[PDB]
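Participant: Dumping the structure here so I can ask a few things about it.
Cβ sites come from the backbone with ideal geometry, for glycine too, and all protein chains shown count toward neighbours. Read-outs throughout are calculated quantities, based only on the coordinates presented, and are distinct from any laboratory measurement.
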Amino acid sequence: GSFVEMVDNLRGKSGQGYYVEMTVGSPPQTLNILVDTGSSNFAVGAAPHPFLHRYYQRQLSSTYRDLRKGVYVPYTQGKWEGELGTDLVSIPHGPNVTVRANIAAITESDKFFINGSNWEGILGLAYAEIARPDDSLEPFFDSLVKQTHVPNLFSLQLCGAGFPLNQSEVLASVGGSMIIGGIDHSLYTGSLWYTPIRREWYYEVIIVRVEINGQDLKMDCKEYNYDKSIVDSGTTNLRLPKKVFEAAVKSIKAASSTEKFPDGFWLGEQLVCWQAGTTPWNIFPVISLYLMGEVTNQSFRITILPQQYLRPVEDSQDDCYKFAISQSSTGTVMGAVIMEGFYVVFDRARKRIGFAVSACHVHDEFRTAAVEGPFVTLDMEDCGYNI
Ligand SMILES: CCOc1nc(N2C[C@H]3C(=O)N(C)C(=N)N[C@@]3(c3ccc(C#N)s3)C2)nc(C)c1F
């Protein structure tokens with residue numbers, strides 16, 4: 001329905017992440033927490049760091065409980081180490097409840113805290129299977145549902161500004177909404193279409209067809225989900241498996257061939273700039289991803305514009321962007337630049353993910369993002385990867 005207390009509770013941008021305010025401990029300690037559907041731990045800075053202006057001070061919380069257990073989390077681009085404990089946690093612009101949750105108090109980290117991101121921790125919203133050190137460490141959302149009457153569902157509206165925001169603007173701007181326990185109908189237009197959650201670990205989905213400006217990429221659909229396809233608010237880009245990325249970039253280059261861009265642009269490293277207001281959106285194609293539907297032999301599609309996959313960056317008065325589609329060796333990742341086009345419903349109770357056109361997606365007068373269906377699609381189970 002309508003969840004006015006949670007609408008507009010996020011801040012941030014696709015490159016540095018979107019965060020929500022939370023409180024930990026007694027008396028409450030306020031922290032800004034990255035919303036991450038790609039992990040399953042609630043972890044906060046708990047020791048001084050050059051990039052943190054605040055951190056969780058366990059010795060100041062009367063409700064802190066030490067679990068006497070460490071946690072070591074090395075991942076591809078970064079790492080953190082911490083100490084496990086529990087404490088009382090609330091979301092000020094959330095459900096009006098306080099829960100006793102696991103907290104990994106980060107004591108040492110490497111390339112984890114981003115200089116100027118304004119967040120001091122991460123809220124992993126995925127399932128216990130991928131929690132560290134193991135699946136016995138109950139994730140925050142699991143604790144919230146178990147301890148309260150909050151429905152087992154959350155929804156995210158990530159709002160890209162469509163232009164760069166400076167330090168002051170990003171602190172003053174509304175970055176979106178995280179609706180805990182419901183769906184807010186003001187955040188989207190048109191209908192919600194649902195795709196099954198294939199397995200509960202990451203938010204895993206199955207892509208069944210890919211088009212670039214209506215042209216079928218024509219790859220065996222297993223390639224699109226090799227070795228998985230996930231929905232991840234903690235990733236900036238749309239990341240595609242190597243072979244899919246190679247085919248997609250060739251097609252996007254062919255569609256936009258009236259302008260030549262350097263190799264560094266297509267590699268997502270180099271910015272491209274145009275005179276203020278002259279970005280040639282129309283030369284860039286739309287991209288549609290078809291997802292397995294809830295009905296047998298039915299699919300639907302989500303369509304994004306270059307306003308989603310060209311990420312605004314500061315250079316001058318030029319309008320500059322980076323290409324936000326990149327290669328992956330760990331499957332497809334529908335990151336923030338996909339999520340900015342849509343209101344995304346993580347319906348854990350019904351093991352499904354819903355998509356609708358976002359009320360805050362960036363577009364022009366000629367084209368809009370879309371969520372459409374149904375389409376007849378056969379052998380969709382064959383699109384999923386095994387082993
Ligand atoms: C395989 C590692 O499993 C785990 N992975 C993770 N994460 C991997 C990181 C990552 O690379 N992506 C993309 C992501 N979605 N989340 C992480 C981010 C770090 C900084 C971000 C920003 N901005 S987002 C957190 N945490 C735990 C606790 C794991 F167990």
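Participant: Please state the shape class of the range 151-387: rounded when a/c is under 1.5, otherwise prolate if a/b exceeds b/c and oblate if not, all from the C-alpha gyration tensor.
Facilitator: oblate
Participant: Another question, then. Among the listed pairs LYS222/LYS253; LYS13/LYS322; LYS228/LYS351; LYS111/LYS351; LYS228/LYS253, which are separated by more than 22 Å between their Cα atoms?
Facilitator: Among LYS222/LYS253; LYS13/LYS322; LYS228/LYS351; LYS111/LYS351; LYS228/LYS253, the Cα-Cα distance tops 22 Å for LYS222/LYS253; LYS111/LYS351; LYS228/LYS253.
Participant: Here's something else I'd like to know. Please list 3J(HN,Hα) in residue order for the range 328-340, calculated via the Karplus relation 6.51 cos²θ - 1.76 cosθ + 1.60 where θ = phi - 60°; whole Hz, with x for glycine and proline.
Facilitator: Result, ordered by residue: 9, 10, 10, x, 6, 10, 8, x, 4, 5, 6, 4, 5 Hz.
Participant: Taking other Cβ within 10 Å of each residue's Cβ, how do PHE284, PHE163 sort, fewest first?
Facilitator: The fewest-first ordering by Cβ neighbours comes to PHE163, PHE284.
Participant: Let me ask another. If you take the charge dipole of the chain about its Cα centre, with +1 on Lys and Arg Cβ and -1 on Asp and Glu Cβ, which of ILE103, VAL210, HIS185 is farthest toward its positive end?
Facilitator: Looking along the dipole axis, the top candidate is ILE103.
Participant: Right, here's the next one. Taking Cα centroids, how far is the range 317-387 from the range 103-152 in Å?
Facilitator: Taking the Cα centre of the range 103-152 as reference, the centre of the range 317-387 is 24 Å away.
Participant: In the chain, what percentage of the DSSP-assigned beta bridges are antiparallel, given to the nearest 5?
Facilitator: Rounded to the nearest five, the antiparallel share is 85 percent.
Participant: Quick check: pseudo-label points 7 Å beyond the Cα along Cα→Cβ at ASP216 and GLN57, how many nm apart are they?
Facilitator: Placing both labels 7 Å beyond Cα along the Cβ direction yields 6.3 nm.
Participant: With unit charges on the beta carbon (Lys/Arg positive, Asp/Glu negative), name the residue among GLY12, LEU34, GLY82 whose Cα is farthest towards the positive pole of the charge dipole of the chain.
Facilitator: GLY82
Participant: Return the FRET efficiency for the residue pair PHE366, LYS242: r is the Cβ-Cβ distance, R0 is 35 Å, and the value is rounded to the nearest 0.05.
Facilitator: 0.60
Participant: Would you work out if the range 18-150 is rounded, prolate or oblate? Take a ≥ b ≥ c from the square roots of the eigenvalues of the alpha-carbon gyration tensor; rounded if a/c is under 1.5, else prolate when a/b is larger than b/c, oblate otherwise.
Facilitator: Since a/c stays below 1.5, the shape of the range 18-150 is classed as rounded.
Participant: For a paramagnetic label modelled at 7 Å from the Cα of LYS146 toward its Cβ, which residues of the range 119-136 fall within the zone defined by backbone nitrogen distances under 17 Å?
Facilitator: Within reach of a label on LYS146: 124-136.
Participant: Ok, one more. By counting other Cβ atoms within 10 Å of each Cβ, how are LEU165, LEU291 ranked from fewest to most?
Facilitator: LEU165, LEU291
Participant: Let's test the formula: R0 of 25 Å, r as the Cβ-Cβ distance of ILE283 and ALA349. What FRET efficiency results, to the nearest 0.05?
Facilitator: My answer for the efficiency is 0.05.
Participant: A follow-up question, please. Please order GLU365, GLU129 by the number of other Cβ within 10 Å, starting at the fewest.
Facilitator: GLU365, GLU129
Participant: Report the local net charge at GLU211: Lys and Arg +1, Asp and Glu -1, summed over other residues whose C-beta lies under 10 Å from its C-beta.
Facilitator: Charge balance near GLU211 sits at +2.
Participant: Here's something else I'd like to know. Within the range 159-194, what residues put their amide N at less than 13 Å from the label point 7 Å along the Cα-to-Cβ vector of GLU314?
Facilitator: Output list for this probe position: 164-171.
Participant: Place a point 7 Å from Cα of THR296 in the direction of its Cβ. Which residues in the range 354-377 have their backbone N less than 18 Å from it?
Facilitator: Residues 375-377 fall inside that zone.
Participant: Find how many whole Å separate the alpha carbon centroid of the range 60-85 from the alpha carbon centroid of the range 246-267.
Facilitator: So the separation of the two Cα centres works out to 43 Å.
Participant: Tell me, what HN-Hα J-couplings in whole Hz come from the Karplus equation 6.51 cos²θ - 1.76 cosθ + 1.60 at θ = phi - 60° for each residue of the range 118-133, using x for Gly and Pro?
Facilitator: 6, 10, 10, x, 10, 10, x, 9, 7, 8, 3, 3, 9, 6, 10, x
Participant: Please give the charge dipole size of the chain, origin at the Cα centre, charges +1 on K and R Cβ atoms and -1 on D and E Cβ atoms. Round to the nearest 20 debye.
Facilitator: 420 debye
Participant: Can you list the HN-Hα couplings for the range 257-262, worked out from phi with the Karplus curve (6.51, -1.76, 1.60; θ = phi - 60°), rounded to whole Hz and with x for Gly and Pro?
Facilitator: Once θ is set to phi - 60°, the couplings for the range 257-262 become 5, 5, 10, 9, 10, x Hz.
Participant: Could I ask something else about it? Which length gain, in nm to one decimal place, applies between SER26 and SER191 when the Cα-Cα distance is subtracted from 0.36 nm times their residue separation?
Facilitator: Between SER26 and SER191, full extension yields an extra 55.2 nm.
Participant: If you keep only loop residues by DSSP, which GluC sites (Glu not before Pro) in the range 174-277 have at most 12 other Cβ atoms within 10 Å of their Cβ?
Facilitator: Here the sparse-neighbourhood loop sites are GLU259, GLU269.
Participant: I would also like to ask the following. So what's the back-of-envelope 222 nm ellipticity for the chain, counting only DSSP H runs of four-plus at -39500 (n - 2.57) apiece and dividing by all residues, rounded to 500?
Facilitator: Computed mean residue ellipticity for the chain: -2500 deg cm²/dmol.
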